[PDB]
$ cat input-v4.txt   # compact mmCIF, C-alpha atoms
# COMPACT_ATOMS: atom_id res chain seq x y z
CA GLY A 359 -65.24 -45.19 8.65
CA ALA A 360 -67.44 -42.11 8.25
CA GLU A 361 -65.01 -40.47 5.88
CA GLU A 362 -67.86 -41.46 3.61
CA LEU A 363 -70.31 -40.02 6.12
CA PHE A 364 -68.35 -36.76 6.26
CA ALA A 365 -68.35 -36.48 2.48
CA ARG A 366 -72.05 -37.37 2.58
CA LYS A 367 -72.64 -34.51 5.01
CA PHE A 368 -70.73 -32.09 2.81
CA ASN A 369 -72.49 -33.20 -0.37
CA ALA A 370 -75.90 -33.16 1.35
CA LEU A 371 -75.51 -29.73 2.91
CA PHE A 372 -74.01 -28.30 -0.26
CA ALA A 373 -76.86 -29.81 -2.27
CA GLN A 374 -79.54 -28.93 0.32
CA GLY A 375 -79.09 -25.20 -0.27
CA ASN A 376 -76.99 -24.31 2.77
CA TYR A 377 -73.44 -23.82 1.53
CA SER A 378 -72.79 -22.09 4.85
CA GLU A 379 -73.30 -25.18 6.99
CA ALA A 380 -71.44 -27.40 4.51
CA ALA A 381 -68.53 -24.94 4.48
CA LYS A 382 -68.51 -24.54 8.26
CA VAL A 383 -68.41 -28.31 8.76
CA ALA A 384 -65.97 -29.01 5.92
CA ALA A 385 -63.47 -26.26 6.76
CA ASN A 386 -63.73 -26.39 10.57
CA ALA A 387 -63.55 -30.18 10.74
CA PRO A 388 -60.50 -32.22 11.76
CA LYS A 389 -58.16 -34.45 9.73
CA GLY A 390 -58.49 -31.96 6.89
CA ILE A 391 -61.87 -32.77 5.36
CA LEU A 392 -61.07 -30.02 2.88
CA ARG A 393 -57.66 -31.45 2.08
CA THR A 394 -58.42 -35.17 2.13
CA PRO A 395 -58.11 -35.48 -1.62
CA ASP A 396 -61.71 -35.52 -2.82
CA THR A 397 -62.59 -32.60 -0.57
CA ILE A 398 -59.55 -30.56 -1.55
CA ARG A 399 -60.10 -31.17 -5.23
CA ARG A 400 -63.69 -30.00 -4.83
CA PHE A 401 -62.60 -26.91 -2.93
CA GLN A 402 -59.89 -25.95 -5.42
CA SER A 403 -62.22 -26.76 -8.31
CA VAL A 404 -64.99 -24.30 -7.49
CA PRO A 405 -63.85 -20.89 -8.83
CA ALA A 406 -64.71 -17.51 -7.33
CA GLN A 407 -68.41 -17.12 -6.60
CA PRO A 408 -70.26 -14.01 -5.38
CA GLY A 409 -72.67 -14.72 -2.55
CA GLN A 410 -70.16 -16.29 -0.16
CA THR A 411 -66.47 -16.59 0.66
CA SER A 412 -64.40 -17.19 -2.47
CA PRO A 413 -63.26 -20.81 -2.79
CA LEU A 414 -59.70 -19.63 -3.35
CA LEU A 415 -59.85 -17.21 -0.43
CA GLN A 416 -61.80 -19.70 1.70
CA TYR A 417 -59.21 -22.36 0.97
CA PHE A 418 -56.25 -20.12 1.74
CA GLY A 419 -58.11 -19.40 4.97
CA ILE A 420 -58.45 -23.15 5.45
CA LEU A 421 -54.79 -23.83 4.67
CA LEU A 422 -53.51 -21.20 7.06
CA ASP A 423 -55.91 -22.16 9.87
CA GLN A 424 -55.19 -25.84 9.15
CA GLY A 425 -51.51 -25.61 8.18
CA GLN A 426 -49.05 -27.71 6.21
CA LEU A 427 -50.09 -31.31 5.75
CA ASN A 428 -48.70 -34.74 4.97
CA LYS A 429 -47.00 -36.05 1.83
CA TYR A 430 -50.39 -36.98 0.43
CA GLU A 431 -52.11 -33.76 1.51
CA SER A 432 -49.08 -31.61 0.57
CA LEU A 433 -48.81 -33.54 -2.70
CA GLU A 434 -52.51 -33.05 -3.41
CA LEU A 435 -52.01 -29.41 -2.52
CA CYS A 436 -49.06 -29.30 -4.98
CA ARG A 437 -50.39 -31.35 -7.89
CA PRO A 438 -52.96 -28.77 -9.11
CA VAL A 439 -51.45 -25.53 -7.86
CA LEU A 440 -48.44 -25.81 -10.12
CA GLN A 441 -50.82 -26.53 -13.00
CA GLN A 442 -53.60 -24.32 -11.59
CA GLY A 443 -52.00 -21.12 -12.84
CA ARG A 444 -50.72 -20.68 -9.30
CA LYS A 445 -47.32 -22.27 -9.96
CA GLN A 446 -46.03 -19.36 -7.87
CA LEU A 447 -48.33 -20.45 -5.07
CA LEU A 448 -46.72 -23.87 -5.34
CA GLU A 449 -43.29 -22.22 -5.31
CA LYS A 450 -44.38 -20.57 -2.10
CA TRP A 451 -45.69 -23.85 -0.69
CA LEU A 452 -42.33 -25.48 -1.41
CA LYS A 453 -40.38 -22.46 -0.14
CA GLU A 454 -42.75 -21.82 2.79
CA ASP A 455 -42.93 -25.56 3.49
CA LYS A 456 -46.72 -25.37 3.28
CA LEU A 457 -45.94 -28.41 1.16
CA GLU A 458 -43.75 -31.25 2.33
CA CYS A 459 -40.55 -29.85 0.75
CA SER A 460 -40.25 -33.44 -0.42
CA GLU A 461 -38.79 -34.71 -3.65
CA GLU A 462 -42.20 -34.79 -5.34
CA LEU A 463 -42.99 -31.06 -5.07
CA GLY A 464 -39.49 -30.17 -6.17
CA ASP A 465 -39.80 -32.51 -9.11
CA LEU A 466 -43.10 -30.93 -10.03
CA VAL A 467 -41.41 -27.55 -10.12
CA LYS A 468 -38.44 -29.05 -11.97
CA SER A 469 -40.94 -29.99 -14.64
CA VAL A 470 -41.65 -26.24 -14.76
CA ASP A 471 -38.55 -24.86 -12.97
CA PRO A 472 -35.62 -27.18 -12.31
CA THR A 473 -33.72 -24.43 -10.53
CA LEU A 474 -36.03 -23.64 -7.61
CA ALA A 475 -36.73 -27.32 -7.26
CA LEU A 476 -32.99 -27.73 -7.24
CA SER A 477 -32.97 -25.03 -4.62
CA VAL A 478 -35.43 -27.05 -2.57
CA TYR A 479 -33.55 -30.28 -2.88
CA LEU A 480 -30.39 -28.43 -2.04
CA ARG A 481 -32.26 -27.02 0.96
CA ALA A 482 -35.03 -29.40 1.96
CA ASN A 483 -34.22 -33.07 1.51
CA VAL A 484 -30.63 -32.71 0.21
CA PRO A 485 -31.16 -35.34 -2.48
CA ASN A 486 -29.19 -35.55 -5.67
CA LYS A 487 -31.21 -37.62 -8.10
CA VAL A 488 -34.27 -35.38 -8.14
CA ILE A 489 -32.30 -32.12 -7.81
CA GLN A 490 -30.04 -32.80 -10.77
CA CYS A 491 -32.73 -34.85 -12.53
CA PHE A 492 -34.05 -31.64 -14.01
CA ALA A 493 -31.63 -28.84 -14.64
CA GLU A 494 -33.13 -27.12 -17.71
CA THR A 495 -31.59 -23.75 -16.83
CA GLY A 496 -31.49 -21.19 -14.08
CA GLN A 497 -29.02 -21.22 -11.26
CA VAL A 498 -26.06 -22.37 -13.31
CA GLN A 499 -24.01 -23.18 -10.25
CA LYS A 500 -25.90 -26.17 -8.91
CA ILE A 501 -25.95 -27.70 -12.41
CA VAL A 502 -22.31 -26.93 -13.15
CA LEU A 503 -21.36 -28.13 -9.74
CA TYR A 504 -23.16 -31.39 -9.80
CA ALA A 505 -21.86 -32.26 -13.26
CA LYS A 506 -18.51 -30.67 -12.34
CA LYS A 507 -18.10 -32.17 -8.93
CA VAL A 508 -18.48 -35.82 -9.76
CA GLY A 509 -20.90 -36.56 -8.76
CA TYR A 510 -22.59 -36.28 -10.77
CA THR A 511 -22.25 -36.33 -14.56
CA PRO A 512 -25.70 -37.96 -14.64
CA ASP A 513 -26.75 -34.47 -13.64
CA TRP A 514 -25.08 -33.63 -16.89
CA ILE A 515 -27.38 -36.21 -18.48
CA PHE A 516 -30.37 -34.72 -16.76
CA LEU A 517 -29.45 -31.23 -17.88
CA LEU A 518 -28.78 -32.41 -21.45
CA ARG A 519 -32.20 -34.08 -21.22
CA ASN A 520 -33.54 -30.85 -19.82
CA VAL A 521 -31.69 -29.06 -22.62
CA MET A 522 -32.85 -31.69 -25.15
CA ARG A 523 -36.13 -30.08 -24.21
CA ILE A 524 -35.28 -26.57 -23.15
CA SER A 525 -37.02 -23.36 -23.90
CA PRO A 526 -33.79 -21.66 -22.84
CA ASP A 527 -31.12 -21.82 -25.44
CA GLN A 528 -27.65 -20.57 -26.41
CA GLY A 529 -26.13 -18.48 -23.66
CA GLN A 530 -26.65 -19.53 -20.08
CA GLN A 531 -25.53 -23.09 -19.93
CA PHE A 532 -23.50 -25.12 -17.69
CA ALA A 533 -20.57 -26.86 -19.30
CA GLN A 534 -18.32 -23.83 -18.99
CA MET A 535 -19.07 -22.83 -15.43
CA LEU A 536 -18.88 -26.56 -14.87
CA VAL A 537 -15.83 -27.14 -17.03
CA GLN A 538 -13.25 -24.44 -16.70
CA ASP A 539 -11.45 -27.66 -15.84
CA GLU A 540 -12.04 -30.10 -18.69
CA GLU A 541 -14.24 -33.03 -17.72
CA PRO A 542 -15.53 -35.79 -19.97
CA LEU A 543 -19.19 -36.34 -19.32
CA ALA A 544 -21.55 -39.28 -19.64
CA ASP A 545 -21.12 -38.45 -23.26
CA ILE A 546 -19.66 -35.12 -24.14
CA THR A 547 -20.97 -35.92 -27.59
CA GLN A 548 -24.37 -35.60 -25.99
CA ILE A 549 -23.43 -32.10 -24.98
CA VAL A 550 -22.56 -31.13 -28.51
CA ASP A 551 -25.55 -33.05 -29.84
CA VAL A 552 -27.87 -31.07 -27.61
CA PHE A 553 -26.10 -27.83 -28.46
CA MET A 554 -25.98 -28.71 -32.19
CA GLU A 555 -29.60 -29.81 -32.36
CA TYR A 556 -30.33 -26.52 -30.67
CA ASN A 557 -27.40 -25.07 -32.71
CA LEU A 558 -26.05 -24.14 -29.30
CA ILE A 559 -22.88 -25.56 -30.86
CA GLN A 560 -21.36 -22.22 -30.00
CA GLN A 561 -21.95 -22.68 -26.33
CA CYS A 562 -20.79 -26.24 -26.30
CA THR A 563 -17.55 -25.32 -28.02
CA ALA A 564 -17.23 -22.05 -26.13
CA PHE A 565 -17.68 -23.66 -22.77
CA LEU A 566 -15.42 -26.52 -23.70
CA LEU A 567 -12.73 -24.04 -24.67
CA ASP A 568 -12.79 -22.56 -21.21
CA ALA A 569 -12.54 -26.05 -19.83
CA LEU A 570 -9.42 -26.38 -21.97
CA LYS A 571 -8.27 -23.06 -20.55
CA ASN A 572 -7.30 -24.97 -17.56
CA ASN A 573 -4.53 -26.64 -19.48
CA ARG A 574 -3.90 -29.99 -17.87
CA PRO A 575 -7.67 -30.24 -18.14
CA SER A 576 -7.25 -30.95 -21.82
CA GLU A 577 -8.26 -33.92 -23.88
CA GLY A 578 -7.97 -34.51 -27.55
CA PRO A 579 -11.42 -36.13 -27.54
CA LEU A 580 -13.17 -33.03 -26.30
CA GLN A 581 -11.19 -31.16 -28.85
CA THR A 582 -11.56 -33.99 -31.32
CA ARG A 583 -15.31 -33.80 -31.09
CA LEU A 584 -15.21 -30.00 -31.07
CA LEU A 585 -13.07 -29.92 -34.19
CA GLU A 586 -15.24 -32.59 -35.72
CA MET A 587 -18.29 -30.47 -35.25
CA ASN A 588 -16.44 -27.45 -36.63
CA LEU A 589 -15.48 -29.44 -39.70
CA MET A 590 -19.11 -30.07 -40.53
CA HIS A 591 -20.50 -26.93 -38.99
CA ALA A 592 -17.92 -24.20 -39.57
CA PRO A 593 -14.17 -24.71 -39.59

$ encode --input "input-v4.txt" --output "structure tokens"
Amino acid sequence: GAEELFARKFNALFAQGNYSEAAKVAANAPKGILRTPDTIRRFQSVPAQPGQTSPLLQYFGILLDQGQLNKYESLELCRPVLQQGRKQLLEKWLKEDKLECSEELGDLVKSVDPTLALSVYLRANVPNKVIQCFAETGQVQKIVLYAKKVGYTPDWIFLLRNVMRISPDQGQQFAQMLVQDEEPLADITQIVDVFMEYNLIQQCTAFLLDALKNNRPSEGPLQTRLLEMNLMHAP
């Protein structure tokens, strides 16, 4: 019940002109009173300051001496660090399991890197929804495999979503590695739509062709749609 009292002690000693005692109590105290969320957000928020131990360096000290922490503490750890310009720190916390290696941290990276998140889900919690859920670009294989290896084609949706909003572009995509064996998807039209809207038409058709290059993997409709696009795009 003195969570409040601990925060009161920190705020008092910080305010009272002895950052040393406030830091010594806050960092060297149990239950992570510099990673319980208000405390951690304060500690991450203060930027480097001459006169004492750097907040960043003090906090890394704190994290290592303290260690990985719970979903909430790991999550709190993860929520700013990706944003904080230390996305790479958060990649290390997911890879080093300084974070919970949960679905949340992976998803946070998938918002900024599907692939490593996908790596974590492939490695940490072996889920499918989150891992596929973002597949903007990167390691083609996981994407092409989860679309390719039904399931799942919803990973195809997630990637088309992720390629509906993708800074990557024509080139490294996932249909063809996925479909050297023709596969209809949740909507192949989606695939062309995404490609088309990105004018990645060429990759959609190119990849689809390879899918057709396993022959019994061959559907008029893939081809129908392909030809349809070529009729309006370039025959």

$ atom_distance --input "input-v4.txt" --atom1 "CA of residue 362 (chain A)" --atom2 "CA of residue 395 (chain A)"
12.6 Å

$ residues_near_point --input "input-v4.txt" --point "(-40.7, -25.1, -14.0)" --cutoff "12 Å" --atoms "all atoms listed in the file" --output "CSV table (one decimal) with C-alpha atoms, in the frame of the given file"
chain,number,residue,atom,x,y,z
A,440,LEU,CA,-48.4,-25.8,-10.1
A,441,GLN,CA,-50.8,-26.5,-13.0
A,444,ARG,CA,-50.7,-20.7,-9.3
A,445,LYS,CA,-47.3,-22.3,-10.0
A,446,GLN,CA,-46.0,-19.4,-7.9
A,448,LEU,CA,-46.7,-23.9,-5.3
A,449,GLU,CA,-43.3,-22.2,-5.3
A,463,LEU,CA,-43.0,-31.1,-5.1
A,464,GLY,CA,-39.5,-30.2,-6.2
A,465,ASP,CA,-39.8,-32.5,-9.1
A,466,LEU,CA,-43.1,-30.9,-10.0
A,467,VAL,CA,-41.4,-27.6,-10.1
A,468,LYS,CA,-38.4,-29.0,-12.0
A,469,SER,CA,-40.9,-30.0,-14.6
A,470,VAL,CA,-41.6,-26.2,-14.8
A,471,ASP,CA,-38.6,-24.9,-13.0
A,472,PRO,CA,-35.6,-27.2,-12.3
A,473,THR,CA,-33.7,-24.4,-10.5
A,474,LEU,CA,-36.0,-23.6,-7.6
A,475,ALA,CA,-36.7,-27.3,-7.3
A,476,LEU,CA,-33.0,-27.7,-7.2
A,492,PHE,CA,-34.0,-31.6,-14.0
A,493,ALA,CA,-31.6,-28.8,-14.6
A,494,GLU,CA,-33.1,-27.1,-17.7
A,495,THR,CA,-31.6,-23.8,-16.8
A,496,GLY,CA,-31.5,-21.2,-14.1
A,520,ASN,CA,-33.5,-30.8,-19.8
A,524,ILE,CA,-35.3,-26.6,-23.2
A,525,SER,CA,-37.0,-23.4,-23.9
A,526,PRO,CA,-33.8,-21.7,-22.8

$ residues_around --input "input-v4.txt" --residues "residue 369 (chain A)" --least-positions-apart "4" --cutoff "8 Å" --atoms "only C-alpha atoms" --output "mmCIF file with C-alpha atoms, keeping the file's coordinate frame"
data_model
loop_
_atom_site.group_PDB
_atom_site.id
_atom_site.type_symbol
_atom_site.label_atom_id
_atom_site.label_comp_id
_atom_site.auth_asym_id
_atom_site.auth_seq_id
_atom_site.Cartn_x
_atom_site.Cartn_y
_atom_site.Cartn_z
ATOM 1 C CA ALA A 365 -68.350 -36.480 2.480
ATOM 2 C CA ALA A 373 -76.860 -29.810 -2.270
ATOM 3 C CA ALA A 380 -71.440 -27.400 4.510
#

$ residues_around --input "input-v4.txt" --residues "residue 571 (chain A)" --least-positions-apart "3" --cutoff "8 Å" --atoms "all atoms listed in the file" --output "ChimeraX atom specification"
/A:538-539,567-568,575

$ residues_around --input "input-v4.txt" --residues "residue 397 (chain A)" --least-positions-apart "2" --cutoff "10 Å" --atoms "all atoms listed in the file" --output "number ranges by chain"
A: 364-365, 368-369, 384-385, 390-395, 399-403

$ closest_residue --input "input-v4.txt" --among "A:574, A:519, A:450, A:507" --to "residue 535 (chain A)" --atoms "all atoms listed in the file"
A:507
